[PDB]
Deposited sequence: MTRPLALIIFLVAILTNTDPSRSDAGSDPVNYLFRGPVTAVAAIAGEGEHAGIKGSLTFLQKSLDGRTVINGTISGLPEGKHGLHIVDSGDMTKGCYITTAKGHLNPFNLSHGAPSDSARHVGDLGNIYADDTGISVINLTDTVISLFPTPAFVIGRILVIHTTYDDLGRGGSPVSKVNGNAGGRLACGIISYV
């Protein structure tokens, strides 16, 4: 067969900011037991400004020019931007994470759309982004609401890679 389509798949992302945001650091683990199965995401990020931050997988995995410079959420199904719980969403739409006054965000998410297996929703080799502000979940009535949730610039990112 192909070992990439087999057994449980474990992935990780090393999250880092740069420049003024060099203090932003964290790691996420992704586990999907089977092709049909949900993906569980767990980890922490530290050094974040207090409040909600959009968490998105973009269509590129290219970190050669750093975090702060293609744009577009991972969207192989050509849908509009939405919340993770919305049917009308990008593959890359993982919603919002929250950091308190400590700057620590605890991430514990379950997703049914992303894949750790090489199906069209494969997220490995793509960049996970933590945005400046909150994702409006396509409900904000901004022009870019249905494009990217109006979550502003990037604070930090990391490539989703195999464990």
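Chemist: Where the model has no C-alpha, note the corresponding stretch of the deposited sequence, numbering from 1.
Modeler: Missing C-alpha atoms (numbering from 1) occur across the ranges 1-29, 99-100.
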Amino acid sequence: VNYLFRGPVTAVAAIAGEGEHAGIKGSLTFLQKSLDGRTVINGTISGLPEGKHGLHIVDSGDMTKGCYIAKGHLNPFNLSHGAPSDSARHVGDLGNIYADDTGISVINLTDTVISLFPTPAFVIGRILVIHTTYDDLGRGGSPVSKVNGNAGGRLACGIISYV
From here on, numbers count along this sequence of modelled residues.
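Chemist: Averaging only over Cα atoms, indicate whether 21-29 or 8-16 has the higher B-factor in the PDB entry.
Modeler: Stretch with the greater average CA B-factor: 21-29.
Chemist: Using only C-alpha atoms and the B-factors in the entry, which stretch averages higher, 137-145 or 150-158?
Modeler: Comparing 137-145 with 150-158, the higher average CA B-factor belongs to 137-145.
Chemist: In the PDB entry, which of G61, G43, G95, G66 has its C-alpha at the highest B-factor?
Modeler: Each of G61, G43, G95, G66 was compared by C-alpha B-factor; the highest is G66.
Chemist: Highest Cα B-factor in the deposition, which of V123, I130, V106, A70?
Modeler: Highest CA B-factor of the listed options: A70.
Chemist: Ranking the modelled residues of this chain by C-alpha B-factor as given in the entry, is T112 in the lowest, middle or highest third?
Modeler: Its C-alpha B-factor belongs to the middle third of this chain's values.
Chemist: By the recorded C-alpha temperature factor, relative to the other modelled residues in its chain, which third is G54 in?
Modeler: Middle third.
Chemist: Would the CA B-factor of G37 place it in the lowest, middle or highest third of its chain?
Modeler: Its C-alpha B-factor, which the entry lists for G37, ranks in the highest third among residues of this chain.
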